[PDB]
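*Asks:* There's a structure below that I have some questions on.
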Amino acid sequence: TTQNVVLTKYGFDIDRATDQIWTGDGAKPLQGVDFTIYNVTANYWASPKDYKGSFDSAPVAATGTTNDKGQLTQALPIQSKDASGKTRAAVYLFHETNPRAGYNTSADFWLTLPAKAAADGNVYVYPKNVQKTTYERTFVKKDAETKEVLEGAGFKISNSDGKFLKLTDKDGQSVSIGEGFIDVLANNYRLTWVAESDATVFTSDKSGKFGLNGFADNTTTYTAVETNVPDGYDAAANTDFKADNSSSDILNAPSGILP
């Protein structure tokens with residue numbers, strides 16, 4: 001016999017009971033968060049009063065990923081064996097292995113089954129993920145003579161170590177990135193640092209804007225390098241910046257033609 005444990009992951013800027021079906025009251029549900037569920041029955045029952053969440057050498061009961069609604073369901077046996085081979089009430093520990101971008105991981109928590117279930121026979125848990133402050137930056141490419149904005153200019157970004165920015169999805173895979181401001185938070189991307197040739201190219205949109213959010217801090221200096229220059233212009237100088245939530249303009253001078 002098993003119970004269903006429904007994990008629901010909401011983000012925050014109370015311990016809710018397992019019998020409570022809580023909608024988050026407007027807080028956003030967090031999709032794409034990975035969990036491993038360890039069967040820690042042997043570890044708890046080796047000495048209950050001493051248990052403090054070790055999953056050392058504990059078998060894995062389950063894995064998965066929160067969905068569009070922040071949810072992850074699993075059917076878990078209400079009983080399982082202890083180290084001495086004796087049947088006990090099962091204990092399961094939840095371990096977040098991959099948070100959502102912009103969020104701290106949640107604390108490992110655990111519970112005994114069978115647990116107190118809500119009206120629908122399910123046991124509801126609600127790990128707290130606290131939002132960590134991240135920073136962003138926008139740039140607006142313009143024509144240095146006309147001061148009009150400029151579409152189609154391509155840029156890469158480098159750090160203090162000479163490594164360039166590549167965005168990936170939650171699992172580290174390549175993604176294809178288009179023009180404009182890139183919402184890393186909403187797409188659950190990651191910032192990685194690689195060789196120039198593997199870098200992600202950012203590109204001014206029809207309003208000249210490009211950039212991203214999802215920076216870890218606002219103290220590191222980064223550099224925007226123009227790598228694709230619109231025809232008829234001269235490269236702007238490299239632009240040092242901080243991820244400080246500001247917008248600033250980058251000027252392309254129209255190249256001069258003499259007779």
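A note on labels: chains of the structure tokens are A, B, ... as shown, every chain counts residues from 1, and ligands are counted from 1 in their shown order.
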Taking only residues of segment 176-218 of chain A that have an atom at most 6 Å from an atom of segment 137-141 of chain A, what is each one's shortest atom pair and its distance in Å to one decimal, using only C-alpha atoms, in chain and number order, as JSON lines?
*Replies:*
```
{"residue": "A:208", "atom": "CA", "partner": "A:141", "partner_atom": "CA", "distance": 4.7}
{"residue": "A:209", "atom": "CA", "partner": "A:140", "partner_atom": "CA", "distance": 4.4}
{"residue": "A:210", "atom": "CA", "partner": "A:139", "partner_atom": "CA", "distance": 5.4}
{"residue": "A:211", "atom": "CA", "partner": "A:138", "partner_atom": "CA", "distance": 4.6}
{"residue": "A:212", "atom": "CA", "partner": "A:137", "partner_atom": "CA", "distance": 5.8}
```
*Asks:* Would you kindly return, as a PyMOL selection string, each protein, DNA or RNA residue with an atom no farther than 7 Å from any atom of residue 89 of chain A, considering only C-alpha atoms and excluding same-chain residues fewer than 6 positions away?
*Replies:* chain A and resi 78-80+112-113
*Asks:* Check the smallest atom-to-atom distance from each of A:170, A:17, A:226, A:132 to residue 65 of chain A using only C-alpha atoms, then report the winner.
*Replies:*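 Looking only at the distances to residue 65 of chain A, the closest residue turns out to be A:170.
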*Asks:* Report, in Å to a single decimal, how far apart atom CA of residue 5 of chain A and atom CA of residue 115 of chain A are.
*Replies:* 9.2 Å
*Asks:* In segment 3-250 of chain A, what's strand (DSSP E) per DSSP? Answer as a PyMOL selection string?
*Replies:* chain A and resi 3-8+10-12+34-39+60-65+71-77+79-81+87-89+91-98+109-112+122-125+128-130+135-143+154-158+164-168+181-182+190-194+202-203+209-215+221-228+233-234+239-242+247-250
*Asks:* Rounded to one decimal place, report the atom CA of residue 258 of chain A-atom CA of residue 203 of chain A distance in Å.
*Replies:*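 For atom CA of residue 258 of chain A relative to atom CA of residue 203 of chain A, the distance reads 29.8 Å.
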*Asks:* Between A:36, A:67, A:73, A:3, single out the one closest to residue 97 of chain A, counting only C-alpha atoms.
*Replies:*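 The closest residue to residue 97 of chain A is A:36.
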*Asks:* Hey, can you check how far atom CA of residue 110 of chain A sits from atom CA of residue 129 of chain A?
*Replies:*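 For atom CA of residue 110 of chain A relative to atom CA of residue 129 of chain A, the distance reads 15.9 Å.
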*Asks:* Counting only C-alpha atoms, which residue out of A:11, A:59, A:99, A:256 sits closest to residue 82 of chain A?
*Replies:*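 The closest residue to residue 82 of chain A is A:59.
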*Asks:* Taking only C-alpha atoms into account, which of A:122, A:179, A:76, A:192 comes nearest residue 2 of chain A?
*Replies:*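 Once distances to residue 2 of chain A are computed over only C-alpha atoms, the minimum belongs to A:76.
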*Asks:* Quick one: of A:154, A:121, A:162, A:178, who's nearest to residue 227 of chain A, counting only C-alpha atoms?
*Replies:* A:154
*Asks:* With distances taken over only C-alpha atoms, which of A:247, A:255, A:4, A:18 is nearest to residue 74 of chain A?
*Replies:* A:4
*Asks:* Near residue 15 of chain A, within 12 Å and counting only C-alpha atoms, which residues show up once chain neighbours fewer than 2 positions away are dropped, as a PyMOL selection string?
*Replies:* chain A and resi 17-20+22+109+124-128
*Asks:* Could you write those residues out with N, CA and C atoms, as an mmCIF file, in the first residue's frame?
*Replies:*
```cif
data_model
loop_
_atom_site.group_PDB
_atom_site.id
_atom_site.type_symbol
_atom_site.label_atom_id
_atom_site.label_comp_id
_atom_site.auth_asym_id
_atom_site.auth_seq_id
_atom_site.Cartn_x
_atom_site.Cartn_y
_atom_site.Cartn_z
ATOM 1 N N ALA A 17 -0.014 22.223 6.948
ATOM 2 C CA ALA A 17 -0.226 20.817 7.208
ATOM 3 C C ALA A 17 -0.352 19.999 5.893
ATOM 4 N N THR A 18 -0.098 18.693 6.034
ATOM 5 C CA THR A 18 -0.218 17.741 4.922
ATOM 6 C C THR A 18 -1.656 17.516 4.434
ATOM 7 N N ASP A 19 -2.616 17.869 5.282
ATOM 8 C CA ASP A 19 -4.038 17.751 4.937
ATOM 9 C C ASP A 19 -4.587 19.006 4.295
ATOM 10 N N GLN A 20 -3.727 20.002 4.091
ATOM 11 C CA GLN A 20 -4.151 21.272 3.523
ATOM 12 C C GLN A 20 -3.778 21.341 2.086
ATOM 13 N N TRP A 22 -3.208 23.892 -0.524
ATOM 14 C CA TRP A 22 -2.891 25.310 -0.551
ATOM 15 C C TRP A 22 -2.553 25.762 -1.921
ATOM 16 N N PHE A 109 13.777 18.191 3.676
ATOM 17 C CA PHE A 109 12.804 17.887 4.716
ATOM 18 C C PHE A 109 12.421 16.429 4.531
ATOM 19 N N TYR A 124 -0.022 16.434 0.979
ATOM 20 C CA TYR A 124 0.493 17.616 0.335
ATOM 21 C C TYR A 124 1.667 18.211 1.069
ATOM 22 N N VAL A 125 2.766 18.431 0.348
ATOM 23 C CA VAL A 125 3.874 19.152 0.921
ATOM 24 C C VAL A 125 4.272 20.329 0.065
ATOM 25 N N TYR A 126 4.856 21.321 0.744
ATOM 26 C CA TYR A 126 5.089 22.651 0.198
ATOM 27 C C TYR A 126 6.436 23.165 0.595
ATOM 28 N N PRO A 127 7.485 22.790 -0.156
ATOM 29 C CA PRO A 127 8.806 23.320 0.159
ATOM 30 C C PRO A 127 8.892 24.788 -0.160
ATOM 31 N N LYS A 128 9.589 25.540 0.692
ATOM 32 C CA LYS A 128 9.775 26.984 0.541
ATOM 33 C C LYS A 128 11.012 27.247 -0.278
#
```
